[PDB]
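These notes are about the structure you will find just below.
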Amino acid sequence: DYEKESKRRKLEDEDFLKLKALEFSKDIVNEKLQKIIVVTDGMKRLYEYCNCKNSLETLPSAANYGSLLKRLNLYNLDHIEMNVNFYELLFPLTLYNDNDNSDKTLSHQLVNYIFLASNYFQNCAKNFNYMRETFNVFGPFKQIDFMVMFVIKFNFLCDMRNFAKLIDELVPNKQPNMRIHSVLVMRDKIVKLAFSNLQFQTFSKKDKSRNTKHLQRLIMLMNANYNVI
Amino acid sequence: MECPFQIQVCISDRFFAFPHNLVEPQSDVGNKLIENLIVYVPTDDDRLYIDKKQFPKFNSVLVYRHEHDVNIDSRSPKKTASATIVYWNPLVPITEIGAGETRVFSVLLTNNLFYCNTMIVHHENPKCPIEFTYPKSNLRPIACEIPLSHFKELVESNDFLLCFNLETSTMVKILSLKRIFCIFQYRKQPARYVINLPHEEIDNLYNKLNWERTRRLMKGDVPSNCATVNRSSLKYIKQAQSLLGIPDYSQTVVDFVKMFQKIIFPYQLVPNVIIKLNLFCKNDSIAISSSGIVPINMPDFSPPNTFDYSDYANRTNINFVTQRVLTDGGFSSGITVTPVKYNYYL
Numbered sequence: 463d464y465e466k467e468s469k470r471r472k473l474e475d476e477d478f479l480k481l482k483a484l485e486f487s488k489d490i491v492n493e494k495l496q497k498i499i500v501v502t503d504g505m506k507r508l509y510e511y512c513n514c515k516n517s518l519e520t521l522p523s524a525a526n527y528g529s530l531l532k533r534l535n536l537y538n539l540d541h542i543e544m545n546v547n548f549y550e551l552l553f554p555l556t557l558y559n560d561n562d563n564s565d566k567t568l569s570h571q572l573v574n575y576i577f578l579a580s581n582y583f584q585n586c587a588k589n590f591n592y593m594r595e596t597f598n599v600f601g602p603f604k605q606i607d608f609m610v611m612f613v614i615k616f617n618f619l620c621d622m623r624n625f626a627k628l629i630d631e632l633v634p635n636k637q638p639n640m641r642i643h644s645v646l647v648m649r650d651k652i653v654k655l656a657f658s659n660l661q662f663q664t665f666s667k668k669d670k671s672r673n674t675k676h677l678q679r680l681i682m683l684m685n686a687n688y689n690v691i
Numbered sequence: 001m002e003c004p005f006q007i008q009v010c011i012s013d014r015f016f017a018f019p020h021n022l023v024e025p026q027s028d029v030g031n032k033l034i035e036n037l038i039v040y041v042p043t044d045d046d047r048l049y050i051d052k053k054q055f056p057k058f059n060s061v062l063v064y065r066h067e068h069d070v071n072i073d074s075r076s077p078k079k080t081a082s083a084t085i086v087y088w089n090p091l092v093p094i095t096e097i098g099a100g101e102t103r104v105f106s107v108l109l110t111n112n113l114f115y116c117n118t119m120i121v122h123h124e125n126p127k128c129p130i131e132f133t134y135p160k161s162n163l164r165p166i167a168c169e170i171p172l173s174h175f176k177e178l179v180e181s182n183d184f185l186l187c188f189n190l191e192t193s194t195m196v197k198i199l200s201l202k203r204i205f206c207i208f209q210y211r212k213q214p215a216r217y218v219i220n221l222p223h224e225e226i227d228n229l230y231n232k233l234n235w236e237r238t239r240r241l242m243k244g245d246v247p248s249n250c251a252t253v254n255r256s257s258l259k260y261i262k263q264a265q266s267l268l269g270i271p272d273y274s275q276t277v278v279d280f281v282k283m284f285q286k287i288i289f290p291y292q293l294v295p296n297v298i299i300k301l302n323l324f325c326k327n328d329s330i331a332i333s334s335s336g337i338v339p340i341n342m343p344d345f346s347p348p349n350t351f352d353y354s355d356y357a358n359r360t361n362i363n364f365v366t367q368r369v370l371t372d373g374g375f376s377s378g379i380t381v382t383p384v385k386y387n388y389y390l
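Protein sequences, first through last, are from chains C and D. Take the position in the first sequence, starting the count at 1, then add 462; the result is the number in PDB author numbering. Reading the second sequence from the start, the letters are residues 1 to 135, 160 to 302, 323 to 390 in PDB author numbering.
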C-alpha cells in the first residue's frame, strides 16, 4: 500500500554494502607468475636448457649456447615476433603492493629489478650486431634472428623465474600500484623505441618442423600472451 | 547539446567504481543479443579498475580511453550496431552509439548530458566532509586522479590532502573531486580534508560543483544539506571567530549558524551572520504560524504603499535631530542620521 520506505531502506543498505565491498578488492592468489613458473620449469626439465649461470648485467655468451642454437635450428620459429611486450612481460610484478608496508624492501627490489631489466634490454639492443657475429661464429643459421631473439628472451625468462621465486609467498592485489605502473610504462616506452629503430632479416622456414608442446608454450609466454593454460 | 534519443543515463553517487551488475546486452532490430561489449573511460588510468572477468554474460570485452573526436557531430552520432557500448563518467560529448540501448553511468552531470533522459539514484542521509586548515596531525596525502588506489585509507584514515598534478585539465580535476566527495559522503564518519591548490582555482571548482548540484536538483535529485562555502564567507567566519570564537571547531561554520539558530525564532529577525553569508534574492525563514522574518512580513511580499513618511522624510526633521545630537555630544562631524523608513508594516 505504501512506498518510499522500501526504496529508502534498500538504498541505505546497498550504500553500506558498497562501502564494505570497496574492501573486497584485495585478491588471494595470482596466476601470471604461476604460468611463468610452470612454463620455465617444464622446459628446463624437458630439455635441460637451464644452463642458468648467467646474470642479466651482460649479454649472454655463445660459448654457453652453441649446442642450444644447433638444437633450435631443428624447430620452426616463424611464430616468434621481433619486438618485446615489455609492459606485458612485467605486468604481473606491479600487483604485489602489500597492504600498508609489510617491508619496504619489496617495492625497492621491484624498482631495482625493473631498472635492471631496462638496462639489460638496452644493452641487448645496443650490441645486436655483436650478438649476430658471436652466433654466426658457430655457423650460419637461416633463422639466426629468431635464435637471437629467443636466446635473449629465454635468458630473461630464466632470470625472472629465479627472481620471482622469492616473492610468490606474498599476496597479489587486483589494483596495481600507481608508481610501479608508471615506471613500467615509461620503461616500456624506452624499450619499444630502442627496438623500433632497427632492421631485422626475418626468415621463413616452410619445412614442417617438429612441434614440441613445451616449445610452443614457451614461445607464447615469451610474447607475453597468457592464453596458454 | 540536443541529446540523441537513443541515450539512457543513470546518475548515482556510488558510481565511482564500475557497476558491473547493471551492464547488460542490447538488441537491435535484428533481435539478436550482441555479446561484443566495448567500454570507454576518461583516462588510461581507469583501465586498471575494470575487471575483464566481471562480465560472465559477454563473450569479449574491449577497453579504450575515451579520446574526443571531431569528425563526427553529436547531433548524428556514429552507429556501430556490431557491439554494445557503455560509457563511464564521460567528460566530452558522446560520439559513438552501440546497437539499441546505450547506458552512460556517471557521477557527474555536465551540460552535454543535461537534455538526455535520466534515472537518478538519489541518496539517503549524506555525511558532510569537514574542511579545515593546519594552522598537528599526520597528514595522509591522496592521489586525486586515481582515488581508487586509496579506498582503504579513505575508509579508515581521517586527514586527507587533495593533490593534483598540473597536467590534469579542469574537467578531470572536477571529476576526481566529485569522486572523492561521494566517497566521503558514503563514509561512516565525517573526514577532514584540504586542497593544495591556489584559492582562485578552488573557487572555480566550487562554482562548478554548485552548478552540477543545481542540475542534479533540476532533474529531481534529493537535496543535500552538505555543500561548499564561499571563501569570502570563510573570511567573515574567521573574523567572527577571532572576535569571539577562541578554538578551531571541526564544523565551526555550523557552530556559528546553530548558535544563532537558537535565537532566530523568538526575537523574529534574521541573524546578521546569515545576511552577510549571502542583489535581491532576499532570504527569509518560517514558523508553522503565518509570519515572515525580515520585517515580520506577511506570506505575500513587500507591501507597495502602507503609510506616508511626512513626519520623517522631510529634511527639516532630520536636520533638527542631527543638530540636537551634535550639540549634545560635542561632535563636529562623523555622525549620520537616517529616517526610520524600512518599516514595511508593524
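Where is the CB? At the ideal position from N, CA and C, for every residue including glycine.
Could you please give the first and the last residue of the uninterrupted alpha helix (DSSP H) stretch that includes residue i?
{"i": "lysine 494 of chain C", "result": "494–509"}
{"i": "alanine 357 of chain D", "result": "354–357"}
{"i": "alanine 587 of chain C", "result": "567–588"}
{"i": "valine 277 of chain D", "result": "276–291"}
{"i": "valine 338 of chain D", "result": "Here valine 338 of chain D belongs to no alpha helix (DSSP H), and DSSP marks it neither H nor E."}
{"i": "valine 297 of chain D", "result": "296–301"}
{"i": "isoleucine 261 of chain D", "result": "255–268"}
{"i": "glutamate 67 of chain D", "result": "Counting along the chain, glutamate 67 of chain D falls outside any alpha helix (DSSP H), and DSSP gives it neither H nor E."}
{"i": "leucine 530 of chain C", "result": "528–534"}
{"i": "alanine 483 of chain C", "result": "467–483"}
Going by DSSP, what residue range makes up the beta strand (DSSP E) through residue i?
{"i": "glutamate 96 of chain D", "result": "96–98"}
{"i": "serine 74 of chain D", "result": "That residue, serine 74 of chain D, is in no beta strand (DSSP E); it is neither H nor E in DSSP."}
{"i": "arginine 103 of chain D", "result": "102–106"}
{"i": "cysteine 187 of chain D", "result": "185–187"}
{"i": "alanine 167 of chain D", "result": "165–167"}
{"i": "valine 86 of chain D", "result": "84–88"}
{"i": "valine 121 of chain D", "result": "119–121"}
For residue i and residue j, which I take to be in contact (beta-carbon distance under 8 Å), what is that distance rounded to the nearest angstrom?
{"i": "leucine 683 of chain C", "j": "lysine 497 of chain C", "result": "7 Å"}
{"i": "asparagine 89 of chain D", "j": "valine 63 of chain D", "result": "Not really, about 14 Å apart at Cβ, beyond 8 Å."}
{"i": "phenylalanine 184 of chain D", "j": "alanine 215 of chain D", "result": "6 Å"}
{"i": "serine 181 of chain D", "j": "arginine 164 of chain D", "result": "5 Å"}
{"i": "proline 554 of chain C", "j": "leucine 484 of chain C", "result": "24 Å between Cβ atoms; not a contact."}
{"i": "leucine 552 of chain C", "j": "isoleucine 576 of chain C", "result": "7 Å"}
{"i": "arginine 103 of chain D", "j": "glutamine 8 of chain D", "result": "5 Å"}
{"i": "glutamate 169 of chain D", "j": "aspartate 45 of chain D", "result": "6 Å"}
{"i": "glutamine 605 of chain C", "j": "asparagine 659 of chain C", "result": "Wrong, their Cβ atoms sit about 23 Å apart, outside the cutoff."}
{"i": "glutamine 637 of chain C", "j": "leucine 48 of chain D", "result": "7 Å"}
{"i": "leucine 646 of chain C", "j": "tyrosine 549 of chain C", "result": "6 Å"}
{"i": "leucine 531 of chain C", "j": "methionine 611 of chain C", "result": "About 12 Å; that fails the 8 Å criterion."}
By a C-beta neighbour count over all protein chains shown, 10 Å radius and 16 as the cutoff for buried, is residue i buried or exposed?
{"i": "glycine 98 of chain D", "result": "buried"}
{"i": "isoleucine 642 of chain C", "result": "buried"}
{"i": "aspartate 562 of chain C", "result": "exposed"}
{"i": "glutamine 367 of chain D", "result": "exposed"}
{"i": "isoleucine 542 of chain C", "result": "buried"}
{"i": "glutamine 213 of chain D", "result": "exposed"}
{"i": "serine 193 of chain D", "result": "exposed"}
{"i": "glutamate 493 of chain C", "result": "exposed"}
{"i": "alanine 626 of chain C", "result": "buried"}
{"i": "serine 12 of chain D", "result": "buried"}
{"i": "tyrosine 87 of chain D", "result": "buried"}
{"i": "residue 142 of chain D", "result": "Coordinates for residue 142 of chain D are lacking, as chain D steps from 135 to 160 with nothing built in between."}
{"i": "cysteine 206 of chain D", "result": "buried"}
{"i": "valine 501 of chain C", "result": "buried"}
{"i": "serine 266 of chain D", "result": "exposed"}
{"i": "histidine 66 of chain D", "result": "buried"}
Taking residue i as the query, report the chain E residues whose CB atoms sit under 9 Å from its CB, ordered along the chain.
{"i": "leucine 473 of chain C", "result": "Looking for chain E here will not work: the only protein chains present are C and D."}
- Query: Taking contact to mean at least 3 C-beta pairs separated by less than 8 Å, is the segment 89–103 of chain D in contact with the segment 70–77 of chain D?
  - Reply: Contact between the segment 89–103 of chain D and the segment 70–77 of chain D is present, because at least three Cβ pairs lie under 8 Å.
- Message: When you compare the segment 15–28 of chain D with the segment 681–689 of chain C, are there three or more beta-carbon pairs, one atom per stretch, that lie closer than 8 Å?
- Response: Two segments are said to touch when three or more pairs of C-beta atoms, one from each, lie closer than 8 Å; by this definition the segment 15–28 of chain D does not touch the segment 681–689 of chain C.
- Report yes or no: do three or more beta-carbon pairs, one from the segment 470–477 of chain C and one from the segment 104–124 of chain D, lie closer than 8 Å? With a cut-off of 8 Å on Cβ pairs, the segment 470–477 of chain C is in contact with the segment 104–124 of chain D, counting three or more such pairs.
- Residue ranges of each alpha helix (DSSP H) run of no fewer than 4 residues wholly in the segment 615–661 of chain C, ordered along the chain? The DSSP assignment places complete alpha helix (DSSP H) segments of no fewer than 4 residues inside the segment 615–661 of chain C at 640–658, in order along the chain.
- Please determine if the segment 226–244 of chain D and the segment 269–278 of chain D are in contact, where contact requires at least 3 C-beta pairs separated by less than 8 Å. Proximity of the segment 226–244 of chain D to the segment 269–278 of chain D falls short of the contact definition, fewer than three beta-carbon pairs being nearer than 8 Å.
- Task: Counting only runs of 4+ residues fully inside the segment 5–62 of chain D, write out the alpha helix (DSSP H) ranges in chain order.
- Result: Here no run is fully enclosed.
- Query: If you scan the segment 210–247 of chain D from start to end, which runs of the beta strand (DSSP E) of 3 or more residues do you find wholly inside it?
  - Reply: Taken in chain order, the complete beta strand (DSSP E) segments of 3 or more residues contained in the segment 210–247 of chain D are 216–219.
- Between the segment 574–582 of chain C and the segment 25–37 of chain D, are three or more C-beta pairs nearer than 8 Å? Touching, no.
- Query: Would you say the segment 184–199 of chain D touches the segment 215–223 of chain D, given that touching needs at least three Cβ pairs under 8 Å?
  - Reply: With a cut-off of 8 Å, the segment 215–223 of chain D and the segment 184–199 of chain D count as touching, because enough Cβ pairs lie within range.
- Touch test, the segment 335–353 of chain D against the segment 286–296 of chain D, Cβ-Cβ under 8 Å, three pairs minimum: In this structure the segment 335–353 of chain D lies against the segment 286–296 of chain D, because at least three pairs of beta carbons, one per stretch, are closer than 8 Å.
- Is there contact here, the segment 109–116 of chain D with the segment 127–134 of chain D, by at least three beta-carbon pairs under 8 Å? Using a C-beta cut-off of 8 Å, the segment 109–116 of chain D makes no contact with the segment 127–134 of chain D, since fewer than three inter-stretch Cβ pairs fall below that distance.
- Message: My parser needs the alpha helix (DSSP H) runs of 4 or more residues fully inside the segment 341–386 of chain D; what are they?
- Response: Taking only runs of at least 4 residues, the alpha helix (DSSP H) segments lying wholly in the segment 341–386 of chain D are 354–357, 359–373.
- Is the segment 505–525 of chain C touching the segment 588–608 of chain C in the sense that three or more CB pairs, one from each, lie closer than 8 Å? By the Cβ rule, the segment 588–608 of chain C counts as touching the segment 505–525 of chain C, because three or more pairs are nearer than 8 Å.
- Query: Is there contact here, the segment 495–515 of chain C with the segment 607–624 of chain C, by at least three beta-carbon pairs under 8 Å?
  - Reply: By the Cβ criterion, the segment 495–515 of chain C is in contact with the segment 607–624 of chain C, since at least three pairs of Cβ atoms, one from each stretch, lie closer than 8 Å.
- Can you find at least 3 beta carbon pairs, one from the segment 598–607 of chain C and one from the segment 634–654 of chain C, that sit closer than 8 Å? Cβ pair count under 8 Å is below three, so no.
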